[PDB]
Amino acid sequence: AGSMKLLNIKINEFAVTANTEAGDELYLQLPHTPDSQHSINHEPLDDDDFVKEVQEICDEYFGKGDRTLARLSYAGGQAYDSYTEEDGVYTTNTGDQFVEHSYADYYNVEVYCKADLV
């Protein structure tokens with residue numbers, strides 16, 4: 001788990017896809033919550049330690065230094081460059097708006113909802 005490399009990473013609006021040195025294909029519904037359905041080579045993936053290790057590598061890739069940017073990128077399905085926050089709504093560099101997900105305080109996970117009309 002700990003010393004193989006991630007060789008390809010891409011993000012869409014439904015999941016983060018990854019390809020490892022070992023040839024496996026991760027399909028990860030990030031951030032990790034009880035609602036997530038992860039797949040390893042089109043098979044169900046139920047190692048929460050592995051999913052959290054890849055999610056931590058992807059927090060460091062997308063959020064750069066700020067994990068909040070990575071969480072906004074997961075919610076938006078695209079790698080954002082920056083964001084500003086005001087009154088609880090987060091606006092990224094492309095103008096996309098987000099608010100905190102309703103499950104955030106209950107899952108104790110940083111998750112966001114794409115608030116288009118807020």
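For the structure, see preceding data.
Residues numbered from 1 in each chain as written, not as in the entry; some residues may be left out. Heavy atoms only, no water.

**Concerning the overall build of the protein**
From N to C terminus, the protein includes three helices and nine strands. For the protein, the sequential pattern of α-helices and β-strands runs β-β-β-β-β-α-α-β-β-β-α-β. Computed over the C-alpha atoms, the radius of gyration of the protein is 14 Å, within 12% of the 13 Å expected from 2.2 N^0.38 for a compact globule of 118 residues. For the protein, the C-alpha atoms occupy an extent of roughly 45 × 30 × 20 Å along the three principal directions. In the protein, which comprises 118 residues, the share counted as buried stands at 37%. For the protein, the share of sequence-separated contacts (at least 6 apart) that also reach a separation of at least 24 residues comes to 25%. Carbon and sulfur atoms make up 45% of the accessible area of the protein, which amounts to about 7,200 Å² in all. (Helix = DSSP H or I, 4+ residues; strand = E, 2+ residues; numbered from the N terminus. Rg over C-alpha atoms; globule rule 2.2 N^0.38 Å. Buried < 20%, exposed > 50% of the residue type's maximum accessible area, 1.4 Å probe, protein only. Contact = heavy atoms within 4.5 Å. Areas by Shrake-Rupley, 256 points an atom, 1.4 Å probe, with all protein chains shown as cover.)

**Comments concerning the pattern of salt bridges**
The tally for this structure, following the rule as stated, stands at four salt bridges. With a shortest N-O distance of 2.7 Å, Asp59 and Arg71 are connected by a salt bridge. Highlighted residues: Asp59 in helix α1 (residues 48–62) and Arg71 in helix α2 (residues 67–76), separated in sequence by twelve residues. Judged on exposure class, the residue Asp59 and its partner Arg71 are both buried. Measuring nitrogen to oxygen at the nearest pair gives 2.8 Å for the salt bridge that ties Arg67 to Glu110. Note that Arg67 is positioned in helix α2 and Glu110 in the loop between α3 (104–107) and β9 (112–113), a separation of 43 residues in sequence. Through salt bridges with shared partners, a single ionic network connects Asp96, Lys114 and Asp116. (Salt bridge = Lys/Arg side-chain N within 4 Å of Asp/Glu carboxyl O.)

**What about the nonpolar core?**
Membership of the largest hydrophobic core comes to 15 residues, with the highest contact counts inside it found for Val16, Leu26, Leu28, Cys58, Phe62 and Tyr74. Elements with a contribution of two residues or more to this core: β2 (16–20), β3 (25–28), α1 and α2. Element by element, the count of residues in this core is highest for α1, at five residues. When residues no more than four places from it in sequence are discounted, the contact partners of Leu26 are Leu6, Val16, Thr17, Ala18, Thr20, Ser39, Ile40, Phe50 and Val54. Judged by nonpolar contacts, the second largest core, of six residues, contains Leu69, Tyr90, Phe98 and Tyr112. (Core = buried A, V, L, I, M, F, W, Y, C linked by side-chain atoms within 4.5 Å.)

**A few points about the sheet that holds β3**
A sheet is described by the order of its strands in space; here five strands give the open sequence β1-β2-β3-β4-β5, paired in antiparallel fashion. The sheet terminates laterally at β1 (6–11) and β5 (43–45), the two strands that pair on one side only. The sheet shows a mean angle of 25 degrees between the axes of neighbouring strands, taken without regard to direction. As defined by bridge partners, β3 adjoins strand β4 (residues 38–40) across two bridges and the pair is classed as antiparallel. Following the sheet pairing, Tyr27 is matched in β4 by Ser39. (Pairing = 2+ DSSP bridges. Axes fitted to C-alpha atoms, helices over the stretch in contact; angles between N-to-C directions.)

**Considering the packing of aromatic side chains**
Overall, the coordinates contain six aromatic pairs when judged by the stated rule. An angle of 70 degrees between the planes, with centres 5.7 Å apart, marks the rings of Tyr80 and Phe98 as edge-to-face. In this pair, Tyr80 sits in the loop between α2 and β6 (83–86) while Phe98 sits in strand β8 (residues 97–100), placing the two residues 18 residues apart along the sequence. In terms of burial, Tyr80 and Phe98 fall into one category: buried. (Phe/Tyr/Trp six-rings, centres within 6.5 Å; stacked < 30°, edge-to-face > 60°.)

**Details of the side chain of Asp59**
The exposure class assigned to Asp59 is buried, which follows from its relative accessible area of 10%. Excluding anything up to four places from it in sequence, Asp59 contacts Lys64, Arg67, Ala70, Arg71 and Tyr74.

Keep in mind that these numbers describe shape and distance, not what the molecule does.
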